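Trainee: 3D, please:
(chains A and B)
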Amino acid sequence: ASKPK
Amino acid sequence: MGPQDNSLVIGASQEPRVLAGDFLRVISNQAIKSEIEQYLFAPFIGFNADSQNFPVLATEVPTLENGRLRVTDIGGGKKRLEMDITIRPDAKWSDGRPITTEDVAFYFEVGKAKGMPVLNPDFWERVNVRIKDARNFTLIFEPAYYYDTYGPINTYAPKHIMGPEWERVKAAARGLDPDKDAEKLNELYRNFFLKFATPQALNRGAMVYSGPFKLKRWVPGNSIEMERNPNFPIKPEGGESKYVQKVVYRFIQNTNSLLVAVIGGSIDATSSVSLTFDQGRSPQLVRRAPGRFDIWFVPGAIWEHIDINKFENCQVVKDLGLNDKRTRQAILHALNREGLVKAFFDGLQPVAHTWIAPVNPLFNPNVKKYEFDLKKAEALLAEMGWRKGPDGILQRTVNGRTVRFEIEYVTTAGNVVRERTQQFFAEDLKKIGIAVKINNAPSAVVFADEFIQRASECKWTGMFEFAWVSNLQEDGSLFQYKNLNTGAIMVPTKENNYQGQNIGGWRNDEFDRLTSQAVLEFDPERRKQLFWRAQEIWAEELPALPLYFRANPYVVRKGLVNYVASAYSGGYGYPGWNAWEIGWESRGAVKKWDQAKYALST
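Mentor: Numbering: from 1, shown residues only, chains lettered A, B, ... in the order given. See below for the structure:
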């Protein structure tokens, strides 16, 4: 699950 | 001030919306939240800067060699993977209670709950757990994917703290149908995590911690202060007293203001979510570094891109034709990406044409590229009926209604390079008749589930720019409609209980077939071949607009050791994965890692 920034 | 009181001040430009209790990351999956949580929650198996699994709260890394890993053939070229983990006898929560397999069983029960808005429904369909005793358990993956042994492995939550409320939540959930009562069910589960994840709740002691640090206080909008957790069992060389006893994250939303604070000297180190590439090499910072700080640039799987709402149930989407690949191709041809990276970063952060960063061997450098060409953009849009209105903006008729090509463009407010990017692109888009309506907000707002995971409810209706930070567990799930091995739908909507991360609503059956097979391919080359074909299709359809691949700049005060990051350290490529050994050399902290070998030259 890629993470947002 | 650092070695003085033996503390560590970390600067960040984004703040977690919630913290600690949102252990499945369904409310917020912000990179900053995950980074901070490394200090507060430790995994059973970690992933170090050398890209190796290593034991943290577990006794040892499971392997075929020590019999902790067992792979069995279940037919058709598919496998069952069993992974035996033993929790250390001294693994303890910050309140003194032991970390046991009951905490593991609890984690699994919550993740398995029907209608839980999980980020990865595929994982939750094929992974299970078997409990042997209070400290021995086995994770079962069937079918097994090529990345299942990739750390970190953190599958537990504090049952003695959250369990009682969970039982009440489960009882209430029995009266709700995941289909007809999706909205109410989602609210029920969100509220469960919120009771243990807001500032006031946490400040009143709602949670306990398993990492090298525990929460002291969260001053929302300003800082998160943590103190040493004496119950954490891994002691750094020389004793924990020689390492930092307090860690404080300071939040400054405007990146230029954060840059000024960093130059000033009161911040010991920067977060993976802080300054942008251009700021890291700006003269005002570089010229103030001598004898004070070291500046490093670490490449990672950080993909700056623009998501596009393609949900046909939102009339705005159909009006603008965002569901037609020609529209997306037209927009990309109007984005002068090469000009942008050259001017903004001297080309050091390259234009991206796919979603997988070069640091990952699956990266395909041969996919279709969309060069900057306003003529091509104009031709594509004209083919779809658009004609300039008297204000210079394209217009056309849809369902008998006159529509104008004014598209929403959302990004993180305060991130100066992104605000500049919007302006830069807007100037060219206007030349071909596309107007941009800027609608920015803080990371804590745009990355909260109710915004980012609600495009199907038309919460955001056009372009949404941000970056995905990825680990090595690449499955293309960001763009799968459904994983064919588990049947799990990855597009979050009321119909699937808001699960998944395909936030723009793309569906390509061939892409799903290729990626679903690829994750089952244990041969690196065949796996790459399948992912390369998937990327070719992806590039033709442009479900999202790729912008550029990033490298994180880190500013670290001289004297601070072991605050090191790599492309995939801690899984996602950030510092803090070894938080128990970060300290000041003048305090006796022993250097064990060096940033140079993991960063770009010089």
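Trainee: near chain A, which residues of chain B show up?
Mentor: Where chain B comes near chain A, counting by Cβ under 8 Å from any Cβ of the partner chain, the residues are B:14, B:25, B:29-32, B:34, B:119-120, B:272-273, B:302, B:443, B:447, B:452, B:466-471, B:477-478, B:501, B:572. (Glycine included, C-beta is placed from N, CA and C.)
Trainee: Now do the contacts for residue B:315.
Mentor: By Cβ atoms under 8 Å, 6 or more residues apart in numbering or on different chains, the residues touching residue B:315 are residue B:399.
Trainee: Quick one: list the elements packing against the longest helix along chain B.
Mentor: Of all segments of type helix in chain B, defined using DSSP state H, the longest is helix B:524-541. With contacts defined as 3 or more Cβ pairs under 8 Å, 6 or more residues apart in numbering or on different chains; DSSP states H and E, helix B:524-541 has these neighbours: helix B:325-333, helix B:509-518.
Trainee: Can you lay out those as TSV showing mean neighbour count?
Mentor: Below are these laid out as TSV (neighbours: other Cβ atoms under 10 Å in any protein chain shown):
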stretch	mean neighbour count
helix B:325-333	22
helix B:509-518	19
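Trainee: Redo those helices as JSON lines? Include distance to residue B:413.
Mentor: Shown next, in JSON lines, are the helices and strands packed on helix B:524-541 (distance: least, Cβ to Cβ, whole Å):
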{"stretch": "helix B:325-333", "distance to residue B:413": "22"}
{"stretch": "helix B:509-518", "distance to residue B:413": "33"}
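Trainee: Residue B:168 is nearest to which of the ones you listed?
Mentor: Smallest distance to residue B:168 across the helices and strands packed on helix B:524-541 (Cβ to Cβ): 37.5 Å, for helix B:509-518.
Trainee: contacts for the closest one?
Mentor: B:475-477, B:479-485, B:527, B:530-531, B:533-534, B:537-538.
Trainee: So what angle separates the directions of it and helix B:524-541?
Mentor: 160 degrees (axes from the mean of the first three to the mean of the last three Cα atoms, to 10 degrees).
Trainee: Take helix B:509-518, keep the C-alpha atoms, and write them as CSV.
Mentor: The C-alpha coordinates for helix B:509-518 follow below in CSV (Å, rounded to 0.1, in the frame of the first residue of the first chain):
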residue,chain,number,x,y,z
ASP,B,509,-8.9,-6.0,-17.8
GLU,B,510,-5.7,-6.9,-19.6
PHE,B,511,-3.7,-4.8,-17.1
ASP,B,512,-5.4,-6.7,-14.3
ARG,B,513,-4.6,-10.0,-15.9
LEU,B,514,-0.9,-9.2,-16.4
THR,B,515,-0.4,-7.8,-12.9
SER,B,516,-2.4,-10.5,-11.2
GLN,B,517,-0.2,-13.1,-12.9
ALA,B,518,3.0,-11.2,-12.3
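Trainee: one step back: quick one: the longest helix of chain B to helix B:325-333, angle?
Mentor: Using the same axes, to 10 degrees: helix B:524-541 against helix B:325-333 is 90 degrees.
Trainee: Tell me the gap between whichever helix or strand comes after helix B:524-541 and the middle of its chain.
Mentor: Per DSSP states H and E, the first helix or strand lying C-terminal to helix B:524-541 is strand B:544-557. Chain-centre distance of strand B:544-557: 13 Å, with Cα atoms, centre = their mean, to the nearest Å.
Trainee: ok, the helix or strand following strand B:544-557: who's next to it in the sheet?
Mentor: Later in the chain than strand B:544-557, the nearest helix or strand by DSSP H and E is strand B:560-561. As defined by DSSP bridges, the strand partners of strand B:560-561 come to strand B:583-584 (antiparallel).
Trainee: Give me the residues contacting the strand it pairs with.
Mentor: Contact partners of strand B:583-584, identified using Cβ under 8 Å, 6+ apart, comprise B:2, B:3, B:6, B:236, B:242, B:243, B:244, B:559, B:560, B:561, B:562, B:589.
Trainee: hmm, try it at 10 Å
Mentor: Residues from elsewhere that reach strand B:583-584 (Cβ atoms under 10 Å, 6 or more residues apart in numbering or on different chains): B:2-4, B:6-8, B:236, B:238, B:240-245, B:268, B:557, B:559-563, B:589-591.
Trainee: Can I take it that residue B:23 is in a strand?
Mentor: No: assigned with DSSP: H, G, I helix; E, B strand; the rest coil, residue B:23 falls outside any strand and is coil.
Trainee: Identify the residue spatially nearest to it, adjacent ones excluded.
Mentor: Sequence neighbours aside, residue B:157 is the residue nearest to residue B:23 in space, at 4.7 Å (criterion: Cβ to Cβ, 6 or more residues apart in numbering or on different chains).
Trainee: With residue B:293 instead?
Mentor: Using Cβ to Cβ, 6+ apart, the closest residue to residue B:293 is residue B:555 (5.1 Å).
Trainee: Bridged to the one you found, which residues?
Mentor: residue B:295.
Trainee: That one and residue B:38: what is the separation?
Mentor: 19 Å (Cβ to Cβ, to the nearest Å).
Trainee: try residue B:86
Mentor: From residue B:86 to residue B:38 the distance is 22 Å (Cβ to Cβ).
Trainee: pretty sure the residue nearest to residue B:293 is touching residue B:11, no?
Mentor: Yes: under the criterion of Cβ atoms under 10 Å, residue B:555 makes contact with residue B:11 at 8.1 Å.
Trainee: what separates residue B:277 from chain A, distance-wise?
Mentor: 13 Å (Cβ to the nearest Cβ, to the nearest Å).
Trainee: Which phi and psi values does that residue adopt?
Mentor: Phi and psi for residue B:277, reported as degrees, to the nearest 10, are phi -50, psi -50.
Trainee: and it, how many residues sit next to it?
Mentor: Neighbour count for residue B:277, taken as other Cβ atoms under 10 Å in any protein chain shown: 22.
Trainee: ditto for residue B:276
Mentor: 24.
Trainee: can you check the one 5 residues further on too?
Mentor: For residue B:281, the count of nearby residues is 15 (other Cβ under 10 Å).
Trainee: Kindly report the same for residue B:526.
Mentor: Counted with other Cβ under 10 Å, residue B:526 comes out at 12.
Trainee: for the one 5 residues further on, same thing?
Mentor: Per other Cβ under 10 Å, the neighbour tally for residue B:531 reads 26.
Trainee: unless I'm mixing things up, it is touching residue B:475, no?
Mentor: Yes: proximity of residue B:531 to residue B:475 meets the contact threshold set by Cβ under 10 Å, at 9.4 Å.
Trainee: Surely residue B:52 is in contact with residue B:63?
Mentor: No: Residue B:52 is beyond contact range of residue B:63, at 11.7 Å (criterion: Cβ under 10 Å).
Trainee: nearest residue to residue B:273 other than its sequence neighbours?
Mentor: residue B:32 (4.2 Å).
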